[PDB]
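Chemist: I have a structure I would like to understand better, so I am pasting it below and will then ask my questions one at a time.
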Amino acid sequence: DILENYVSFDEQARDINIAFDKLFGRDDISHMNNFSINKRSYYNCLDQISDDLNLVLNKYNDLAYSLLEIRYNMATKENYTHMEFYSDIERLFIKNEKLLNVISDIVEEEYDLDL
DNA sequence: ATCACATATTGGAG
DNA sequence: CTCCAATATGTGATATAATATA
């Protein structure tokens with residue numbers, strides 16, 4: 001009836017977890033599946049974060065590749081300057097024309113307003 | 001209308 | 001007469017919103 005959603009959140013744990021193990025088929029990567037959430041304002045409306053992340057992943061799965069690559073760079077934990085993290089985020093998401101285009105298509109298919 | 005951190009007060013033993 | 005550990009209590013920092021016009 002309804003397919004499973006890949007990413008889900010725990011409210012009491014205040015943490016959003018993406019099932020990398022189910023996507024890449026490796027049980028060890030299960031240890032990297034959880035993502036930590038700290039700031040309180042972002043901790044509010046975390047359901048919106050999870051829902052829209054599920055939407056983007058269901059439309060296209062390239063974001064899963066990108067997320068696992070960024071998490072790998074995080075797991076390295078050697079000389080990870082803020083500039084290097086900025087460059088990684090820029091190359092994988094900011095410079096990714098495909099991700100921008102799929103988000104733009106999702107927005108443009110549901111527009112019901114004429115300001 | 002919480003929440004992470006600081007503090008005086010109780011519990012306990014040595 | 002110190003030192004330990006922990007409890008309940010205090011204090012700062014943050015968070016709330018969805019009818020547009022010099």
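Going by the structure tokens order, chains are called A, B, ..., each with residues numbered from 1, while ligands are numbered from 1 in the order shown.
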Check which residues of chain C sit at most 12 Å from chain A using only C-alpha atoms (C1' of nucleotides), and return one row each with the closest pair of atoms and their distance in Å to one decimal, ordered by chain and rising number, as a tab-separated table.
Modeler:
residue	atom	partner	partner_atom	distance
C:13	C1'	A:40	CA	11.0
C:14	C1'	A:40	CA	7.8
C:15	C1'	A:41	CA	6.8
C:16	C1'	A:41	CA	10.0
C:20	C1'	A:115	CA	10.3
Chemist: Given the selection you just returned, output its residues as a file containing N, CA and C atoms (P, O5', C5', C4', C3', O3' and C1' of nucleotides), formatted as a CSV table (one decimal), in the first residue's frame.
Modeler:
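Contents of selection25.csv, as written:
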chain,number,residue,atom,x,y,z
C,13,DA,P,23.6,35.2,28.8
C,13,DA,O5',22.9,34.3,27.7
C,13,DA,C5',23.3,32.9,27.5
C,13,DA,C4',22.2,32.2,26.6
C,13,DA,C3',21.7,32.9,25.4
C,13,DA,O3',22.1,32.2,24.2
C,13,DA,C1',19.9,31.9,26.6
C,14,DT,P,21.6,32.7,22.8
C,14,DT,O5',20.2,32.0,22.5
C,14,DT,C5',20.2,30.6,22.8
C,14,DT,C4',18.7,30.1,22.8
C,14,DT,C3',17.9,30.4,21.5
C,14,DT,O3',17.4,29.2,20.9
C,14,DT,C1',16.7,30.8,23.4
C,15,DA,P,17.0,29.1,19.4
C,15,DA,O5',15.4,29.1,19.5
C,15,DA,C5',14.7,28.1,20.1
C,15,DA,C4',13.2,28.4,20.3
C,15,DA,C3',12.5,29.1,19.1
C,15,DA,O3',11.5,28.2,18.6
C,15,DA,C1',12.0,30.2,21.2
C,16,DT,P,10.7,28.5,17.2
C,16,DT,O5',9.4,29.2,17.8
C,16,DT,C5',8.4,28.4,18.5
C,16,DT,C4',7.3,29.2,19.0
C,16,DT,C3',6.5,29.9,17.9
C,16,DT,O3',5.1,29.7,18.2
C,16,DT,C1',7.1,31.4,19.6
C,20,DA,P,-0.5,39.9,3.1
C,20,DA,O5',0.0,40.6,4.3
C,20,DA,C5',0.0,42.1,4.4
C,20,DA,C4',1.3,42.7,3.9
C,20,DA,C3',1.2,44.1,3.3
C,20,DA,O3',1.5,45.0,4.3
C,20,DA,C1',2.7,42.7,2.1
Chemist: List every residue of chain B that has an atom at most 12 Å from any atom of chain A, and for each one report the closest atom pair and its distance in Å to one decimal, counting only C-alpha atoms (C1' of nucleotides), with rows sorted by chain and then by increasing residue number, as a Markdown table.
Modeler:
| residue | atom | partner | partner_atom | distance |
| --- | --- | --- | --- | --- |
| B:2 | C1' | A:40 | CA | 9.6 |
| B:3 | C1' | A:40 | CA | 9.1 |
| B:4 | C1' | A:40 | CA | 11.2 |
Chemist: May I have the residues from that selection written out with C-alpha atoms (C1' of nucleotides), as a compact mmCIF listing (two decimals), in the first residue's frame?
Modeler:
# COMPACT_ATOMS: atom_id res chain seq x y z
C1' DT B 2 11.68 25.01 27.69
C1' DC B 3 16.63 24.03 28.72
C1' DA B 4 21.78 23.72 29.56
Chemist: Can you list, as number ranges by chain, every residue of segment 5-100 of chain A that DSSP puts in strand (DSSP E or B)?
Modeler: A: 7-10, 15-18, 34-35
Chemist: Output C-alpha atoms for every residue in that selection, as an mmCIF file, in the first residue's frame.
Modeler:
data_model
loop_
_atom_site.group_PDB
_atom_site.id
_atom_site.type_symbol
_atom_site.label_atom_id
_atom_site.label_comp_id
_atom_site.auth_asym_id
_atom_site.auth_seq_id
_atom_site.Cartn_x
_atom_site.Cartn_y
_atom_site.Cartn_z
ATOM 1 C CA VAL A 7 14.864 8.547 6.898
ATOM 2 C CA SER A 8 12.972 8.900 10.184
ATOM 3 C CA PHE A 9 13.336 10.779 13.462
ATOM 4 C CA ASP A 10 13.197 10.047 17.187
ATOM 5 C CA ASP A 15 17.790 12.838 16.502
ATOM 6 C CA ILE A 16 17.109 12.191 12.814
ATOM 7 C CA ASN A 17 18.489 8.946 11.363
ATOM 8 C CA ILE A 18 18.943 8.074 7.678
ATOM 9 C CA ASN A 34 22.161 8.371 12.957
ATOM 10 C CA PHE A 35 22.552 12.146 12.621
#
Chemist: Which polymer residues have any atom within 12 Å of an atom of residue 13 of chain B, counting only C-alpha atoms (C1' of nucleotides), with same-chain residues fewer than 5 positions away left out, as number ranges by chain?
Modeler: C: 2-5
Chemist: Enter the distance from atom CA of residue 54 of chain A to atom CA of residue 6 of chain A, in Å, rounded to one decimal.
Modeler: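 Computing the Euclidean distance for atom CA of residue 54 of chain A and atom CA of residue 6 of chain A yields 6.5 Å.
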Chemist: Residues at most 12 Å from residue 5 of chain B, counting only C-alpha atoms (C1' of nucleotides), excluding those fewer than 4 positions away in the same chain, as a list in words?
Modeler: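 After dropping sequence-adjacent residues, the list is residues 10, 11, 12 and 13 of chain C.
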Chemist: For residue 59 of chain A, please output as a ChimeraX atom specification all residues within 9 Å (counting only C-alpha atoms (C1' of nucleotides); exclusion window: fewer than 4 positions along the same chain).
Modeler: /A:54-55,102,106
Chemist: Pull N, CA, C and O atoms from the residues just selected and write them as a PDB file, in the first residue's frame.
Modeler:
ATOM      1  N   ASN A  54      12.581  12.910   3.093  1.00  0.00           N
ATOM      2  CA  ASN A  54      11.999  11.717   2.490  1.00  0.00           C
ATOM      3  C   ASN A  54      11.471  12.009   1.093  1.00  0.00           C
ATOM      4  O   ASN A  54      11.631  11.193   0.182  1.00  0.00           O
ATOM      5  N   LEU A  55      10.832  13.166   0.909  1.00  0.00           N
ATOM      6  CA  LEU A  55      10.326  13.529  -0.413  1.00  0.00           C
ATOM      7  C   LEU A  55      11.460  13.623  -1.428  1.00  0.00           C
ATOM      8  O   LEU A  55      11.383  13.046  -2.522  1.00  0.00           O
ATOM      9  N   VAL A 102      15.888  19.238  -9.314  1.00  0.00           N
ATOM     10  CA  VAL A 102      14.802  18.406  -8.804  1.00  0.00           C
ATOM     11  C   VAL A 102      14.018  19.153  -7.728  1.00  0.00           C
ATOM     12  O   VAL A 102      12.785  19.056  -7.664  1.00  0.00           O
ATOM     13  N   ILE A 106      10.033  20.063  -7.996  1.00  0.00           N
ATOM     14  CA  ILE A 106       9.071  19.790  -6.929  1.00  0.00           C
ATOM     15  C   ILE A 106       8.312  21.058  -6.561  1.00  0.00           C
ATOM     16  O   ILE A 106       7.093  21.031  -6.349  1.00  0.00           O
TER      17      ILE A 106
END
